[PDB]
Structures are given as C-alpha cells and as structure tokens.
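For reference, the structure is listed below as structure tokens.
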Amino acid sequence: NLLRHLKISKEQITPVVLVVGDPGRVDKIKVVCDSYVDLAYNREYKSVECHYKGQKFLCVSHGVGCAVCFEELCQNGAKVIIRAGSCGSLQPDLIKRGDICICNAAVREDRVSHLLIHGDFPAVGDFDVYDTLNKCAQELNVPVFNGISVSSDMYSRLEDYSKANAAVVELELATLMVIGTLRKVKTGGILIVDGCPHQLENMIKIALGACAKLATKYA
Amino acid sequence: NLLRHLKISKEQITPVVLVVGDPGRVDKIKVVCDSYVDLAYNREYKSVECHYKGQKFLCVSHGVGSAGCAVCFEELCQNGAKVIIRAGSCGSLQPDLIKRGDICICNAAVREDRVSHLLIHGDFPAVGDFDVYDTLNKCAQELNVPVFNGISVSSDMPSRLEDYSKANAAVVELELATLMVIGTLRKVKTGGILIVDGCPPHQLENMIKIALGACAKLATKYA
C-alpha cells in the first residue's frame with residue numbers, strides 16, 4: 001500500500017504539496033514550521049508532513065528525477081503543487097542576485113514536457129496559486145518580481161528569450177506546469193536568484209504561507 | 001502625426017484597448033456603452049472611443065479569419081497600449097462539458113499560428129496577464145454570469161485537436177496566441193474572452209458586459 005519513488009502512503013499525500021530541490025533544504029523547512037512529521041527518505045527523495053498556520057501539507061525533494069516526482073504526486077492525490085528553488089536572472093540590470101521571482105509560465109526547453117504534448121502547448125501555472133503567492137509576499141512586505149521562467153535541462157537561445165522578456169531560467173518548472181495541466185493539478189513556482197549567465201528565509205515564508213492558504217480550501 | 005493601418009492619432013490611443021474580429025461586433029458594443037465617439041474606418045479597421053463606468057478606452061476591429069490582426073496588435077503595442085483584450089468566438093474542445101453558448105476566459109493558448117512562430121521559438125508560452133484574467137473573472141462573477149476558464153488552441157484552420165483536447169485545452173480560435181506573445185514581447189498586458197460557436201444568444205451581451213466592465217476596471221489604474 002505504498003508509492004514507488006517516494007516511499008510514502010497515498011493516505012499520507014496531502015492536497016497541497018511543496019516541492020524543492022536539495023533534500024537538505026527540506027530539513028531547513030521542517031524546522032521553520034510549527035510542527036512536522038518525517039515520512040520517508042529514498043536515495044534523493046525526502047518527504048515530510050508540515051504543519052503550519054493551522055494546515056497540513058507535504059514538503060518533498062528529488063535532487064539538484066523531477067518528472068517522476070511530479071507524476072507520482074499528481075497520480076496519487078495532489079491537488080496543488082508549488083516549486084520553490086533557485087534560478088538565474090535573465091534581466092541582469094533589473095533582476096539581481098538575491099531577488100525573488102514568482103513565475104506564472106515557462107519556456108519549454110525541457111526534454112520531458114515535449115514527450116507528453118506538442119511544444120506549442122503552453123507551460124502555464126494556476127492563477128489562484130500565483131495570486132496566493134503574491135499576497136503572502138506583499139502581506140509580509142517583501143518585494144518580489146513576477147515573470148516567465150526558461151526551464152532548460154542543462155544550462156544561447158537564452159539571449160533570445162531574455163530579449164523576449166523572460167525573467168529567469170531554471171530546470172523543471174515547465175515540466176510541472178504541463179504535467180499539472182494534463183493531470184488537472186494546480187501548479188506554481190517561486191524562485192530566488194543564484195548566478196547570471198537572509199532573503200531565502202522570506203521566500204520560504206511566502207512559499208509556506210501560500211501553501212497554508214491553499215490548504216484551507218481542501219481541509 | 002497619425003498611424004498607418006488604424007488611421008488614428010497616437011494621442012487617441014488609450015492605455016486599455018478592446019479588440020474584436022468582425023466590425024459589426026464593434027457596432028454591437030457601441031450600443032452597450034454609456035457613450036462613444038467614432039475615430040476612423042479603413043478597409044477592415046473600425047476604431048471607436050468607448051466611455052463606460054467613468055473610463056475611456058478604445059475598441060478596434062480588424063476583420064474575420066485572422067485578417068491583419070498581427071499588424072493591429074503591433075500598431076497598438078508600438079504606440080502606447082498598456083492593456084489589450086480580445087473578445088470573440090471559438091469552438092468547444094470539451095463537447096460534454098463546454099456547450100454552444102458558453103463563455104470562456106482564457107489565460108493561455110496553444111501556438112498553432114503562423115505568426116507567433118515567426119517572432120519567437122515555439123517553446124515560448126503564449127500566456128495572458130494574470131491581473132487582466134482576474135479582472136475578467138470578477139466582472140463575470142459580479143454580474144452572476146457563469147464562465148469557464150481554460151486554454152485556447154489558436155489555429156489557422158489534422159486531428160492534433162484530439163491530442164490537445166485530451167491535454168485539457170478548452171476551446172479553439174484563431175489569434176489569441178498571437179496577441180499574447182506580441183504582448184509579452186512588447187511588454188503589453190493581454191487577455192481574452194470567448195463565446196462558443198460549435199464543436200465536431202442573449203449570452204453574447206453578457207460577455208460584452210464582462211469585457212467592457214473589465215476594461216473599465218483596468219482603465220482606472222492609468223487615468
């Protein structure tokens with residue numbers, strides 16, 4: 001009565017799930033919550049039940065593998081999924097190392113989404129997830145950018161997309177969005193800037209706050 | 001000091017603009033407004049200043065069958081438009097759920113359109129502004145009008161449409177993907193609202209009301 005790559009029960013899977021990269025970043029989030037319960041740890045896939053602002057939701061990692069992670073979650077009960085992680089600025093003059101970006105859509109430069117549907121199909125997140133993230137960030141008077149991510153599975157064309165007004169670049173958000181849209185799962189992403197080809201805690205607060213706010217509607 | 005394909009002044013171009021297909025549908029919107037002023041008429045391009053709920057914004061047509069929409073959107077984005085909304089018709093790709101007569105507010109589109117691909121690689125999303133989408137939904141609910149939300153297939157016409165339909169695309173029409181991308185390239189906020197034709201009446205007035213209402217609401221933030 002368990003799942004393959006996550007090693008947790010379908011019973012344990014919450015409506016809202018928060019997905020991150022490094023499994024250590026999951027350990028850094030559980031502590032910040034009101035309370036938590038560890039569920040499992042499997043090669044690269046850590047899963048913890050997070051209790052925060054009255055609500056209960058999973059936080060789960062998969063490595064710095066994401067496709068199968070998102071697949072598994074969408075199959076087995078996730079209604080909302082949010083990715084929090086890092087990215088690169090594609091607007092160096094405006095968006096600077098340390099800035100936070102909430103993304104509503106992405107450029108499909110990713111192997112996996114193209115295996116599932118023709119590239120013309122938009123990688124786009126849920127509105128109410130995007131709204132919820134913005135309102136938490138403003139409620140905590142934290143300035144945040146909004147824009148489009150280039151989801152690219154290596155990192156060029158990045159110049160093109162940058163001058164097409166893409167904000168940031170990361171690996172997997174386009175994958176989540178499409179899987180989400182295919183599986184009727186609401187998705188979003190929030191990202192903090194690394195390179196450019198304290199703030200982290202605020203982002204996590206936005207992410208956690210948003211998750212709690214969304215979790216309300218399924219409890 | 002006036003523009004090429006639209007035949008109106010850059011001074012006359014408002015922050016918010018409403019774009020429709022058939023120029024007869026512009027005549028059907030005039031009536032619904034509080035007041036209006038005609039600006040110009042050029043082969044297929046009718047342009048009217050619309051006054052509604054205290055605000056002033058352009059309404060413009062450009063033809064059926066994806067005529068010269070690209071140049072229309074280009075012209076508007078070049079010369080001051082900050083928000084652009086497309087109202088028009090479409091086909092249901094979810095026959096059991098979405099029926100002839102239903103209204104759909106779209107947040108994104110499938111790029112099956114010649115023109116967007118000439119401008120940026122197909123991987124780039126055709127996606128609307130979320131505040132425009134929010135504003136349309138709230139007008140439709142404020143007027144207790146039920147509306148669908150979903151993705152449009154913007155197509156210039158074999159049965160990829162099956163694929164997209166089972167990928168949960170809601171409707172199909174001609175040019176919304178084009179607007180969104182031009183919008184995103186030119187830093188102009190876009191959105192779209194559509195009424196169903198047929199798969200494979202009164203309601204039109206509600207849609208126009210949503211469109212007009214949303215435009216007014218957005219126009220506030222620039223006036």
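Every chain in the structure tokens has a letter given in the order shown (A, B, ...), and although residue numbers restart at 1 in each chain, ligands are simply numbered from 1 in the order shown.
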May I have all residues of chain A that DSSP, computed from the backbone, assigns to strand (DSSP E), given as JSON, numbers by chain?
{"A": [16, 17, 18, 19, 20, 35, 36, 37, 38, 39, 40, 41, 42, 45, 46, 47, 48, 49, 50, 51, 52, 55, 56, 57, 58, 59, 60, 61, 80, 81, 82, 83, 84, 85, 86, 87, 88, 89, 100, 101, 102, 103, 104, 105, 106, 107, 108, 109, 123, 124, 145, 146, 147, 148, 149, 150, 151, 152, 168, 169, 170, 186, 187, 188, 189, 190, 191, 192, 193]}
Give me, as a tab-separated table, each residue of chain B that comes within 8 Å of chain A, together with its shortest interatomic pair and the distance in Å at one decimal, counting only C-alpha atoms, with rows ordered by chain and rising residue number.
residue	atom	partner	partner_atom	distance
B:108	CA	A:122	CA	6.6
B:109	CA	A:122	CA	6.2
B:110	CA	A:121	CA	4.5
B:111	CA	A:120	CA	4.7
B:112	CA	A:120	CA	6.5
B:120	CA	A:164	CA	7.6
B:122	CA	A:120	CA	5.6
B:123	CA	A:108	CA	4.7
B:124	CA	A:107	CA	4.6
B:125	CA	A:122	CA	4.9
B:126	CA	A:122	CA	6.2
B:127	CA	A:105	CA	7.1
B:130	CA	A:127	CA	6.7
B:163	CA	A:117	CA	7.6
B:164	CA	A:117	CA	7.8
B:166	CA	A:182	CA	7.9
B:167	CA	A:182	CA	5.1
B:168	CA	A:182	CA	6.3
B:184	CA	A:165	CA	6.8
B:185	CA	A:164	CA	4.9
B:187	CA	A:165	CA	7.6
Could you go through segment 100-202 of chain A and tell me which residues DSSP, when run on the backbone, assigns to alpha helix (DSSP H), listing them as a ChimeraX atom specification?
/A:111-116,127-139,157-163,173-182,199-202
Find the residues near residue 45 of chain B: any atom within 10 Å, counting only C-alpha atoms, skip ones fewer than 3 places away on the same chain, and give them as a compact mmCIF listing (two decimals) with N, CA and C atoms, in the first residue's frame.
# COMPACT_ATOMS: atom_id res chain seq x y z
N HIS B 5 -2.15 51.64 -40.41
CA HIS B 5 -3.26 50.71 -40.70
C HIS B 5 -4.56 51.01 -39.92
N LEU B 6 -4.45 51.79 -38.84
CA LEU B 6 -5.60 52.13 -37.98
C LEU B 6 -6.25 53.47 -38.31
N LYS B 7 -5.44 54.41 -38.80
CA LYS B 7 -5.90 55.74 -39.22
C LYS B 7 -6.37 56.58 -38.04
N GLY B 21 -13.23 41.02 -33.72
CA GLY B 21 -12.96 40.46 -35.06
C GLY B 21 -13.73 41.15 -36.14
N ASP B 22 -15.03 40.84 -36.19
CA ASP B 22 -15.96 41.42 -37.16
C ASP B 22 -16.26 42.88 -36.78
N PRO B 23 -16.17 43.83 -37.75
CA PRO B 23 -16.53 45.22 -37.44
C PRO B 23 -18.00 45.46 -37.06
N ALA B 40 -12.31 56.36 -36.72
CA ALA B 40 -11.94 56.08 -38.13
C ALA B 40 -12.50 54.73 -38.63
N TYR B 41 -12.43 54.53 -39.95
CA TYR B 41 -12.82 53.26 -40.59
C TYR B 41 -12.01 53.06 -41.87
N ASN B 42 -11.29 51.94 -41.97
CA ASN B 42 -10.27 51.76 -43.01
C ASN B 42 -10.21 50.33 -43.56
N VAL B 60 -11.46 48.42 -31.18
CA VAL B 60 -10.98 48.34 -32.56
C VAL B 60 -11.27 46.95 -33.14
N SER B 61 -11.64 46.91 -34.43
CA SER B 61 -11.73 45.66 -35.19
C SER B 61 -10.58 45.55 -36.21
N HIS B 62 -10.46 44.38 -36.86
CA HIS B 62 -9.50 44.19 -37.97
C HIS B 62 -9.88 43.16 -39.06
N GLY B 63 -11.08 42.55 -38.97
CA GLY B 63 -11.51 41.53 -39.92
C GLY B 63 -11.72 40.16 -39.31
N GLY B 68 -5.67 40.91 -40.53
CA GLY B 68 -4.42 41.62 -40.27
C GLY B 68 -4.36 41.94 -38.79
N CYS B 69 -4.61 40.93 -37.97
CA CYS B 69 -4.56 41.07 -36.52
C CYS B 69 -3.14 41.39 -36.03
N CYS B 72 -2.38 44.92 -36.46
CA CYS B 72 -3.22 45.62 -35.49
C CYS B 72 -2.58 45.60 -34.11
Using only C-alpha atoms, find each residue in segment 117-145 of chain B having at least one atom no more than 8 Å away from segment 207-213 of chain B; report its shortest atom-to-atom pair and that distance in Å (one decimal), rows by chain then rising number, as a Markdown table.
| residue | atom | partner | partner_atom | distance |
| --- | --- | --- | --- | --- |
| B:136 | CA | B:210 | CA | 6.3 |
| B:139 | CA | B:210 | CA | 5.3 |
| B:140 | CA | B:210 | CA | 5.4 |
| B:143 | CA | B:210 | CA | 7.9 |
Can you pull out the residues contacting segment 198-202 of chain A? Cut-off 10 Å, using only C-alpha atoms, and skip same-chain residues under 3 positions away; I want them as a list in words.
residues 28, 29, 32, 85, 86, 98, 99, 100, 137, 140, 141, 142, 143, 191, 192, 193, 205, 206, 207 and 208 of chain A
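One distance worth recording is that between atom CA of residue 153 of chain A and atom CA of residue 115 of chain A, which is 13.8 Å.
The neighbours of residue 19 of chain A here are the residues that come within 10 Å of it, using only C-alpha atoms and leaving out any residue fewer than 6 positions away in the same chain; they are residues 26, 47, 58, 59, 60, 61, 62, 66, 69, 70, 81, 82, 83, 84, 85 and 189 of chain A.
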May I have the residues from that selection written out with C-alpha atoms, as a JSON list (two decimals), in the first residue's frame?
[["chain", "number", "residue", "atom", "x", "y", "z"],
["A", 26, "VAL", "CA", 13.64, 20.14, 3.21],
["A", 47, "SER", "CA", 9.20, 13.65, 2.28],
["A", 58, "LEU", "CA", 3.74, 17.71, 2.26],
["A", 59, "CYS", "CA", 7.18, 19.06, 1.58],
["A", 60, "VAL", "CA", 9.18, 16.81, -0.77],
["A", 61, "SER", "CA", 12.55, 16.84, -2.58],
["A", 62, "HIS", "CA", 14.01, 14.92, -5.59],
["A", 66, "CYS", "CA", 11.57, 15.68, -11.02],
["A", 69, "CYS", "CA", 8.24, 13.07, -8.66],
["A", 70, "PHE", "CA", 5.58, 15.34, -10.19],
["A", 81, "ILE", "CA", 1.92, 21.70, -6.23],
["A", 82, "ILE", "CA", 4.40, 24.52, -5.83],
["A", 83, "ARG", "CA", 8.07, 24.51, -6.68],
["A", 84, "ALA", "CA", 10.43, 26.66, -4.57],
["A", 85, "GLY", "CA", 14.06, 26.83, -5.58],
["A", 189, "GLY", "CA", 6.64, 28.36, -8.75]]
Could you work out how far atom CA of residue 183 of chain B lies from atom CA of residue 84 of chain B, giving the answer in Å with one decimal?
8.1 Å
Atom pair atom CA of residue 218 of chain B / atom CA of residue 146 of chain B: separation (Å):
21.1 Å
Leaving out residue 175 of chain B and any residue of its chain fewer than 3 positions from it, which residues lie within 7 Å of it when counting only C-alpha atoms, given as a PyMOL selection string?
chain B and resi 66+154+178-179
How would the residues just chosen look if you wrote them out with N, CA, C and O atoms as a short mmCIF file (atom, residue, chain, number, x, y, z; two decimals), in the first residue's frame?
data_model
loop_
_atom_site.label_atom_id
_atom_site.label_comp_id
_atom_site.auth_asym_id
_atom_site.auth_seq_id
_atom_site.Cartn_x
_atom_site.Cartn_y
_atom_site.Cartn_z
N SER B 66 -8.62 35.82 -39.06
CA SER B 66 -7.25 36.24 -38.71
C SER B 66 -6.64 37.21 -39.73
O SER B 66 -5.47 37.09 -40.08
N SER B 154 -5.04 28.29 -30.55
CA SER B 154 -5.08 29.32 -31.59
C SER B 154 -4.58 28.69 -32.89
O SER B 154 -3.39 28.53 -33.05
N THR B 178 -1.34 34.81 -30.78
CA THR B 178 -0.58 35.88 -31.43
C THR B 178 -0.51 37.15 -30.56
O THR B 178 0.59 37.72 -30.33
N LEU B 179 -1.68 37.58 -30.08
CA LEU B 179 -1.77 38.71 -29.17
C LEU B 179 -0.91 38.51 -27.94
O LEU B 179 -0.15 39.42 -27.53
#
Segment 52-59 of chain B: which residues within 7 Å, counting only C-alpha atoms, same-chain residues fewer than 5 positions away excluded, as a ChimeraX atom specification?
/B:13-14,16-19,33-35,47,216,219-220
Residues of the last selection are to be written out with N, CA, C and O atoms, as a short mmCIF file (atom, residue, chain, number, x, y, z; two decimals), in the first residue's frame.
data_model
loop_
_atom_site.label_atom_id
_atom_site.label_comp_id
_atom_site.auth_asym_id
_atom_site.auth_seq_id
_atom_site.Cartn_x
_atom_site.Cartn_y
_atom_site.Cartn_z
N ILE B 13 -4.86 56.92 -28.93
CA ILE B 13 -4.68 55.56 -28.37
C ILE B 13 -4.66 55.59 -26.84
O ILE B 13 -3.82 56.25 -26.22
N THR B 14 -5.59 54.82 -26.26
CA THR B 14 -5.79 54.75 -24.81
C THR B 14 -4.93 53.63 -24.22
O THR B 14 -4.53 52.71 -24.94
N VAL B 16 -5.87 51.21 -22.23
CA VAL B 16 -6.64 50.00 -22.39
C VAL B 16 -7.32 50.00 -23.74
O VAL B 16 -7.88 51.00 -24.13
N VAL B 17 -7.25 48.87 -24.45
CA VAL B 17 -7.87 48.72 -25.76
C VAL B 17 -8.54 47.37 -25.83
O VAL B 17 -8.02 46.39 -25.32
N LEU B 18 -9.70 47.35 -26.47
CA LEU B 18 -10.50 46.16 -26.63
C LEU B 18 -10.50 45.82 -28.10
O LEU B 18 -10.84 46.66 -28.92
N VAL B 19 -10.14 44.58 -28.44
CA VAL B 19 -10.01 44.20 -29.84
C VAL B 19 -11.01 43.12 -30.17
O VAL B 19 -11.11 42.13 -29.44
N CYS B 33 -22.27 50.56 -24.53
CA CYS B 33 -21.54 51.59 -23.79
C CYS B 33 -22.44 52.68 -23.28
O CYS B 33 -23.60 52.79 -23.71
N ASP B 34 -21.91 53.49 -22.36
CA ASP B 34 -22.62 54.66 -21.86
C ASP B 34 -22.66 55.71 -22.96
O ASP B 34 -23.71 56.24 -23.30
N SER B 35 -21.49 56.01 -23.49
CA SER B 35 -21.36 56.85 -24.68
C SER B 35 -20.14 56.42 -25.49
O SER B 35 -19.38 55.52 -25.09
N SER B 47 -12.41 51.88 -35.56
CA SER B 47 -11.91 52.30 -34.25
C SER B 47 -12.83 53.34 -33.56
O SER B 47 -13.11 54.39 -34.13
N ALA B 216 -12.99 48.84 -18.18
CA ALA B 216 -13.21 50.00 -17.31
C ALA B 216 -12.39 49.86 -16.05
O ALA B 216 -11.68 50.81 -15.66
N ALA B 219 -8.75 50.37 -16.88
CA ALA B 219 -8.53 51.77 -17.30
C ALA B 219 -8.30 52.71 -16.13
O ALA B 219 -7.55 53.68 -16.26
N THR B 220 -8.94 52.41 -15.00
CA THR B 220 -8.76 53.16 -13.74
C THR B 220 -7.31 53.39 -13.33
O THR B 220 -6.94 54.48 -12.89
#
